[PDB]
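Reading through the structure tokens given below for one structure.
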Amino acid sequence: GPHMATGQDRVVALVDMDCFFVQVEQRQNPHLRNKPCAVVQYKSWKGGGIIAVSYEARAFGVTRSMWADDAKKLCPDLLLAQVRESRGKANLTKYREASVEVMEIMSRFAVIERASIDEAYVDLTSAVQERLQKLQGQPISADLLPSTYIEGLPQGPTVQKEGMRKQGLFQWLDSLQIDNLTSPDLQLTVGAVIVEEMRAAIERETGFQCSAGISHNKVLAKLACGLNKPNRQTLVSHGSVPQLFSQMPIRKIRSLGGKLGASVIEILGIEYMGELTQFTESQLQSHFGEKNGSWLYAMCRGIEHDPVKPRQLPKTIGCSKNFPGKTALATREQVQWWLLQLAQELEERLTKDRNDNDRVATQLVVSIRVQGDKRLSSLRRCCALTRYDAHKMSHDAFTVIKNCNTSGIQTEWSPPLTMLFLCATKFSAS
DNA sequence: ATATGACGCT
DNA sequence: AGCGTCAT
Ligand SMILES: Nc1ncnc2c1ncn2[C@H]1C[C@H](O)[C@@H](COP(=O)(O)OP(=O)(O)OP(=O)(O)O)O1
Ligand SMILES: [Ca+2]
């Protein structure tokens, strides 16, 4: 009753760039705009591995982790853009730089948490309060929400997409309690008005479109974001949760897409997130541990407390390449040449990072994978990173792994290496 | 048939 | 410290 917390204390958004690498390439090359197209890496491998897909190409069944030659069988007129290759490997600089463009714009509105190359969470709680004061209790016109969906509406006693969107939005707004500045629903609404403005600024200043979710915490914000894509935003209210969760596969909730989620389903004999509400907090803790059980008990009720972390920059800067099948690294001289290649890119990214962001990495993590391990991470070791020099980094990396070689023959490497990974970590202010 | 990044556990 | 999980 009066002491039951409802998880309605913050306004949180998740902004997600639509088919991001595709948009970066389509901005650059107007001939790709409004076409089925994809971004590929490593051309000579069956036309290249597809890593991003325009929405026009998705309608043909083109997906990520399809070979371009195979995608062409579904979509013969698919256009392609290829990732830059430097020193024999894919180089994602263009996309990291485009990401900075977007993250700098979002940072003007609120403090962001960089979640990936193209996602950021936003804590809008404070900006909502401030915008609510300015508003002076005047209503919110639908015109302030031109791309917003209200999940679960319309409901109760037209047949085209936009018509249904507006119907839901009218029911939502007609019901709003603009009289109370502490109404959660009103706070989410104003949050959505801000996110409209944020998304318009991104598109104006970059050409890039995105989707967004607005709710009371990160999990619901992320869920909401995926509900109406591309180029749209979705508001998931607290009151929307019971219906939304009643048929929501558990695996759709962030952190449940893998093994834990699969064990929730199997152990408990359930399918949908809402079905969790019938278990006590102690039962969930018993099955899944103290932390996971507490988290699940609250989350199935729409409640989650993970903060939007004030962090706009990555905490690690890494470079890696796989060397599959026959290309696996079999000689000492190959291993050293590729470590050098990785180390050169790393040095380049590190030096840029030091000038831009006033910090230095201090630990180098070296990871490899020998042929056999189904296992991705076969072995991991660190050393000190004391100088941004590619030859030292590559030599150091070699030293900390050189005894993984089982070959009595000096010049050979056994078993062959199928992955090398160099990662700069443990940043200090500079 | 074939590249990153964050965080949890021990 | 080194390994595992989950995600873009
Ligand atoms: N497994 C991967 N390997 C390489 N690059 C990837 C991988 N997954 C994602 N990316 C890159 C390419 C994407 O454009 C970008 C953002 O990922 P993601 O948001 O999952 O897809 P997307 O932005 O391309 O489509 P969407 O409209 O579904 O957001 O990161
Ligand atoms: Ca995206």
Side-chain angles (χ1 to χ4, degrees), chain A residues 14-22 39-53 64-70 83-96 99 113-121 210 218-219 222-223 225-226 251-263 288-292 295 306-307 309 311-328 341-342 345-346 349 363-369 371 373-384 400-401 404 418-427:
Chain A
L14 186 269
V15 179
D16 190 346
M17 305 309 297
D18 292 329
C19 51
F20 184 50
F21 289 17
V22 168
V39 173
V40 302
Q41 61 192 3
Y42 306 127
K43 207 59 211 166
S44 72
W45 296 349
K46 286 188 77 174
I50 287 174
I51 58 171
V53 190
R64 171 173 302 132
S65 100
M66 189 173 272
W67 299 109
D69 282 350
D70 292 334
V83 173
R84 171 154 88 167
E85 253 196 70
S86 297
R87 311 185 191 77
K89 72 174 287 300
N91 172 356
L92 295 323
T93 300
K94 199 196 294 182
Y95 316 104
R96 298 197 178 91
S99 168
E113 181 178 342
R114 189 206 194 251
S116 66
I117 200 152
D118 82 329
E119 294 185 319
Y121 297 92
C210 59
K218 293 161 91 184
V219 171
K222 165 58 183 301
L223 189 60
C225 192
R251 70 183 172 276
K252 301 292 188 199
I253 278 57
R254 198 195 72 197
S255 78
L256 300 186
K259 292 181 195 193
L260 176 60
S263 83
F288 309 110
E290 178 183 315
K291 160 175 176 133
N292 288 336
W295 184 84
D306 183 49
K309 290 164 187 51
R311 194 191 68 246
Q312 197 174 163
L313 301 178
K315 323 182 152 193
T316 55
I317 296 194
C319 294
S320 90
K321 177 173 177 61
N322 297 293
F323 294 99
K326 297 322 196 306
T327 62
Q341 299 320 292
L342 291 181
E345 193 191 331
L346 193 54
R349 292 186 65 195
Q363 177 164 61
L364 178 71
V365 170
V366 188
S367 186
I368 77 189
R369 188 195 183 184
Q371 206 153 39
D373 315 271
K374 227 187 257 285
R375 175 82 67 71
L376 273 62
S377 67
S378 82
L379 179 105
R380 203 214 78 158
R381 299 286 193 272
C382 36
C383 51
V400 304
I401 71 160
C404 272
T418 50
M419 182 275 297
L420 295 181
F421 174 77
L422 292 187
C423 191
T425 65
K426 300 289 184 56
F427 284 88

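Because only heavy atoms are used, hydrogens play no part in the values below, and waters and symmetry mates are left out as well, while side chains stay in. Just so we're on the same page: letters track the sequence lines, and every chain starts at 1.
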When Watson-Crick pairs (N1 to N3 and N6-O4 or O6-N4) and G-U wobble pairs (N1-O2 and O6-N3) count only below 3.5 Å on both distances, what is the dot-bracket string of DNA chain B, with | for other-strand pairs? ..||||||||
Any idea how A:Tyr95 and A:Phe21 line up, ring-wise: parallel (<30°), tilted (30 to 60°), or perpendicular (>60°)? parallel
Regarding [X], tell me which of base, sugar-phosphate or nothing describes its non-hydrogen contacts under 4.0 Å with the strands shown.
| X | value |
| --- | --- |
| A:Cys423 | nothing |
| A:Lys326 | nothing |
| A:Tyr42 | sugar-phosphate |

Comparing A:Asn91 and A:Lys291 on DNA chain B - which has the more 5′ nearest nucleotide: A:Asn91
Starting at the 5' end of DNA chain B and moving along, which residue's nearest nucleotide shows up first, A:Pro314 or A:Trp45? A:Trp45
Is it true that a side-chain atom of [X] and a backbone atom of [Y] form a donor plus acceptor pair closer than 3.5 Å?
| X | Y | answer |
| --- | --- | --- |
| A:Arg64 | A:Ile51 | yes |
| A:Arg369 | A:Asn322 | no |
| A:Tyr121 | A:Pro307 | no |
| A:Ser99 | A:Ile117 | yes |
| A:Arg311 | A:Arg114 | yes |
| A:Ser367 | A:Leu379 | yes |
| A:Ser86 | A:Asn91 | no |

Contact boundaries of DNA chain B with chain A (under 4.0 Å, heavy atoms), 5' to 3'? B:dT2 to B:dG8
Minimum heavy-atom separation for A:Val53 and A:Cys19, please, with both atom names. O-CB, 3.3 Å
Taking all non-hydrogen atoms of both residues, which atom of A:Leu223 and which atom of A:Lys252 are closest, and how far apart? CD1-O, 3.9 Å
Let me have a per-nucleotide readout for nucleotides 3-8 of chain C, 5' to 3', with B, S or -, counting only protein heavy atoms under 4.0 Å. SSSSSS
Any salt bridge linking A:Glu113 with A:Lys218? Criterion: basic side-chain nitrogen under 4.0 Å from a carboxylate oxygen. yes
